[PDB]
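Presented below, as C-alpha cells, is a lone chain in the form deposited in one PDB entry.
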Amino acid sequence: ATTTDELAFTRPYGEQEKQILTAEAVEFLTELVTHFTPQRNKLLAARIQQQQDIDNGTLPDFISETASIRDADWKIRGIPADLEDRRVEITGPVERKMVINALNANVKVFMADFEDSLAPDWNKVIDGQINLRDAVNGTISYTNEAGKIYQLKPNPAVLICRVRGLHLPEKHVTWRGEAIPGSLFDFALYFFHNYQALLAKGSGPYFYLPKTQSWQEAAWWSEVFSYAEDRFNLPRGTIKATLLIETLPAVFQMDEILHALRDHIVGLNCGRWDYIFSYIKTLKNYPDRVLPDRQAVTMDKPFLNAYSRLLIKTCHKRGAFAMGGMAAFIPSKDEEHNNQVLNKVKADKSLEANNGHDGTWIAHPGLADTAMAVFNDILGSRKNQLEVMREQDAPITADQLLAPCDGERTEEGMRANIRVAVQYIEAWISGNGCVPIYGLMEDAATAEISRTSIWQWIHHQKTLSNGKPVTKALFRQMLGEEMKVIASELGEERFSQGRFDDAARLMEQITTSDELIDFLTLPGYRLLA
C-alpha cells in the first residue's frame, strides 16, 4: 500500500462540488485528514477498551488522577460578545428554506445540523455547505413553487454548525482507501468557507460537537481547532465550540473536557434521548440497570436531575454556559389548539431556568416566543445565569448518576417505540433525518433510544408489566402488527409508495441482533448513495 498524503473523491464534480471543494479547500481538508485521522482512529479504539472494562463489571466514576484539575480554580478562555446571550436556540437541518426560517425565528442562535437531524446524503452535505456560506454572507434566499420568496430579515440569529460525530465516516472521500472522518469534513468546510466573513461582521466560526465520550476526544478537537487557527493566522480561541454531554461516559469527565478544550469551549449541553440511549449502551450487560419505558424516563427523575445540576455547577465554576434540553413539539397554526403543548413547554423550560440553565432548545419557530418568555421572565435584565453556582448542592456521586429510575416496561410503550422508530427510519433512508412524527420533530436519537430500550429488555429477558416475556419473537410479532397501524394512519398511497418495508427490515436487524450495535446510522448509511 502507498504512503499517500492525498485524498480520493468517489463522486464526479458538478457545479456544487466546484463551489465547495475548491483546490484550496481540499488542500486544507487534506492536511486535517492526514494530521488527525490516525489519532481519531486511536480514540475509537480506546472507546472499545473502555466499554470492555465496563462490560466486565467496573462501573464508571470520576477520574482519580485528574483531581488536581477539578479542585483548582480556573476558567475557560472566553466567550465572544454574540455568544453571551443564548437563552433560546433553534436546531434544524441545513436545507435551504429551513436555514432561512430558522435564522429568521425569534431566537438568539440557530444550530445548523449535519448530525442527527440530517440523513447525510452527499448532495445534502454539499448543499448544506453552499447554504451556510450564503447564510453567513447574508444572501441566502429561496423561492417556492407558489412564487413566495424567503429572505433573511435584518439582524438574523447567530449561526453555529453541528458536525457529525467521531464515529461517522464520510464515505465519498477517502484517505489510503478508508473513508475520512465526517467530523473533519463538516468542520473543515464550514470553517474554511466562512471564517473570514464571520469574523469581519463581529461573529466567528462556531461549532456544536456531539457525542463526545472523553476528555482525550476534547483534547483532539482542541488540536484540530488550533491547527486550523494557526493555518490562517488566527489568534488562539477564535474557533468556539459548544459541546453536548449526551453520553454516560462524558458525564464523569465534564471538568476535564472543559479543561482540555478551554481555549475554544463556551458551554456544555444537557439532553434526554442520546444520554439515556448511551446509559443503556454503556450499562448494556448489567441486569440491575434496566430502564423502564423511555417515555417515563423524564428529566425530573433523580439520575437525570443529578446530571442537570452537576452540569450546571461544573459549567458555571469554569465560566461556561450550561444549556438545557429540547422541546420538539410542532404547534398548530391555530393558537386555540396549543394550550396543552405550550403549558408543557412553560413547565419544562421553567424547571430548566430555575435550575440555572443559561438557555434552552426548540425545534420549531412556533415555540420561540413562549420559550423566550420563560427565560426573559426569570433572567430579568441578566444576559445569562453564569453567576448561579449551585454552591448549596451536596456533592453529586456516581451512584446517584447511575441509579435507574422507577417506572414500568409496558406493551403500549414498546409498540409506540416501534411505530416511532420505523417511521423515523423510513424518512431517514428516504433522505430526511428531521421528521414530524405524532406532533414532534424527531431526530435520530429518538429512533436510537426506541430500538436500544427494546434490545435491553430482550437481552436481560425482562417481562412487560402485563407479564409477557420480551423476546425477539414477541418483537417480530409486534413489528408486523404496528406496520399495519402505521399503514392505517398514513393511508394506502403514502404507505405503499414509502420505504416502510426497508425501514422495518433495518429496525428488525438492529433490534434483534445478539450484539448491541453502537449506532443505527452506520448500517443505515449503506442505504444512501
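Between two forms, the rigid core is defined as the largest C-alpha subset superposing within 1.5 Å. Shifts are known only where both forms have a C-alpha. Note that residue numbering follows the sequence shown and begins at 1.
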Pick between 338 to 346 and 103 to 111: the one whose mean CA B-factor in the entry is higher. 338 to 346
Look over 273 to 281 and 376 to 384 in the entry and identify the one with the greater average Cα temperature factor. 376 to 384
Maximum C-alpha temperature factor, selected from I449, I437, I180, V158: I437
Which one of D61, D55, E492, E31 shows the biggest C-alpha B-factor in the PDB entry? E492
Position of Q49 among the chain's modelled residues by C-alpha B-factor, lowest, middle or highest third: middle
Among the modelled residues of this chain, does the Cα B factor of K42 put it in the lowest, middle or highest third? middle
Against its chain's modelled residues, does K201's Cα B factor rank lowest, middle or highest third? highest
Once the chain's modelled residues are ordered by C-alpha B factor and cut into thirds, is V125 in the lowest, middle or highest one? highest
What third of the chain, by the recorded C-alpha B-factor, contains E426? highest
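Just so it is clear, the following notes concern the form deposited in another entry, a form of the same protein that is not shown.
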Please look at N123, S332, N354, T298 and say which one has a C-alpha shift reaching 2 Å or more between this form and the one not shown, core superposed. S332
Core-aligned, C-alpha shift of at least 2 Å, runs of at least 3 residues: can you list them between this form and the one not shown? 327 to 330, 332 to 337
